[PDB]
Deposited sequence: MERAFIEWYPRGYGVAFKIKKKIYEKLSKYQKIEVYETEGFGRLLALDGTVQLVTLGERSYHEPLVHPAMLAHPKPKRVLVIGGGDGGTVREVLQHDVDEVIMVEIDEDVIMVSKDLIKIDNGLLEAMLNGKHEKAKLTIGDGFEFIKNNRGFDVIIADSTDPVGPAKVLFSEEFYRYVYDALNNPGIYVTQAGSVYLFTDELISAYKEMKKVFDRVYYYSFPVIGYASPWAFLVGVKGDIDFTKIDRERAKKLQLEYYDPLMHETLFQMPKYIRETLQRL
């Protein structure tokens, strides 16, 4: 069995068939497992990044709400996303360009070789042959200081500078108007202090801030997401006609109002 242990001794466990890879990269320990019932598991420093049977429960709620809330998202930035799932979801939409900035090249290599949820996308980006998606190997924090003009910015990073006020100010400045930033923001129940502090810093910067939660398979459930808006976007509304064209199994745009489920004590603290 593989177990990820969280604060206070809560654990997410998977029966495993085999450990099939391990490498200490320049930034983290990368490990891949074949699980019994959830396909392959990618772990970074012993934390679950995804399971191949269930990962859409993360990548769909991370990407599509923000993409559908924006009136016409054409230029998108993804920070992290070494496994390729996030950029794959972004490309369901008719964007002009998606830039991905990932610090750890070895996560990309391990994912394209052993995980393969990206369906050839990572290889195309590494070879510079993709018509819309471009890859930069680097620090998203530095990148956003020096690069700008995005309709949507998606932080698909590991657990927590990407949650600092300094970073959010650079993000806001780099966003178009209208613009939307979204980040995974940790376990609702177990990383609660980290969620609240991130929300606090975002509220200083953005014109609107929203929170939501979703049942992500492989993570301590449910997982939190935070949204920062530049300009006039009502994140409680989505483009239903664009939504109908998407291939979705987890996020339910026709029931978009339900996205905002959150335990009461956390709702109160954030407000």
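Judged by missing C-alpha atoms, the gaps in the deposited chain sequence fall at residues 1-3, 164-168, 280-281, listed in sequence order.
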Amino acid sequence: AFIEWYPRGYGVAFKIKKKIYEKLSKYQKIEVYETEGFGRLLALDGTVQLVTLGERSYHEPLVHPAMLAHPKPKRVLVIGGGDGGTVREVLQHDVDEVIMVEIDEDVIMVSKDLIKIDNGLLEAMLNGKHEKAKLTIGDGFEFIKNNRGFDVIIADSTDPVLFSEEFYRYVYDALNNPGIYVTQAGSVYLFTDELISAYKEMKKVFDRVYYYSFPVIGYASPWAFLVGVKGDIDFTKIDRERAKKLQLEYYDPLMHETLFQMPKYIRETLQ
From here on, numbers count along this sequence of modelled residues.
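Note on 241-249 vs 213-221: mean CA B-factor is higher in 241-249. Per the PDB record, of the two stretches 129-137 and 171-179, 129-137 carries the greater mean B-factor over its C-alpha atoms. The residue among 32, 51, 63, 202 whose C-alpha carries the highest B-factor in the deposited model is 202. Note on the listed residues 83, 194, 156, 89: the highest Cα temperature factor in the record is that of 194. Annotation for residue 70: C-alpha temperature factor in the middle third relative to the rest of the modelled chain, per the entry. Among the modelled residues of its chain, residue 151 has a C-alpha B-factor that falls in the lowest third, as given in the PDB entry. When the CA B factors of the chain's modelled residues are split into thirds, the value for residue 124 lands in the highest one. Among all modelled residues in this chain, the alpha-carbon of residue 259 has a temperature factor (C-alpha) in the lowest third.
Among all modelled residues in this chain, the alpha-carbon of residue 198 has a temperature factor (C-alpha) in the highest third.
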